[PDB]
């Protein structure tokens, strides 16, 4: 190998997060008061890392942080039921852990935290977090296995009801790369409907990393994937590999989803910054 790969994990990391009501009426998470986004910021860790998240709810309603895939004790579940949500103006420290795979005492193989995951609110609107998630309380989490290939850049695409990342229909979002960049996509689905994500000009492996380790992986290679509420997946592509520069559409392939909005552009540039067939 010669590409950047993830190191072995096992550090204790500390992080501040905030839930905020935004001027537009949405609700979002951020690492800093006043810099909440929808989607929320990317959290990336190595298998074995522990994360202590000092979470503050600056809203006038109860809110939580619930994560998928990672190890948390019931005190960090982030639900009303376990009293692990947070009162208005409150602060709580959530802890997320991750583990490497390995042999159990009984000889079986324990899986490993690595994968494409996400966090979201589990209490706003309803005690399953319907209002919070609808308003924008969700974000991606990546957990890397030692040896995993690292990308040049990560972009997050979220199908939340009939929006991409809670934006008005036909407003992208658009992402840019240069031919040959190693680009990582985290795809999260929220809300009420099933979707199909499609990319023109590229393809990936339907497995944990979205890439093939080598010629023995029998995983389907696809350009199209059905996702439902709270699914998360990811993959890496080489931008323009075998196909060259261009404004490569990605869309919710459900044909009315694409007709009313839910289309974005993966703008893949030559070194000079131009894109054949696309007028800036």
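Positions refer to the first chain, counted from 1.
Higher mean CA B-factor, judged across 211-219 and 247-255 from the recorded values: 247-255. Set 76-84 against 149-157 and average the Cα temperature factors; 76-84 ends up higher. Of the candidates 136, 140, 101, 169, the deposited coordinates give 169 the top C-alpha B factor. Based on the entry's C-alpha B-factors, the most elevated value among 201, 180, 112, 131 belongs to 131.
Annotation for residue 192: C-alpha temperature factor in the highest third relative to the rest of the modelled chain, per the entry. Sort the modelled residues of the chain by CA B factor and residue 229 lands in the highest third. Residue-level temperature factors show residue 174 in the middle third of its chain, judged at the C-alpha atom. The PDB entry assigns residue 60 a C-alpha temperature factor belonging to the highest third of its chain's modelled residues. In the PDB entry, residue 267 places in the lowest third of its chain by CA B-factor.
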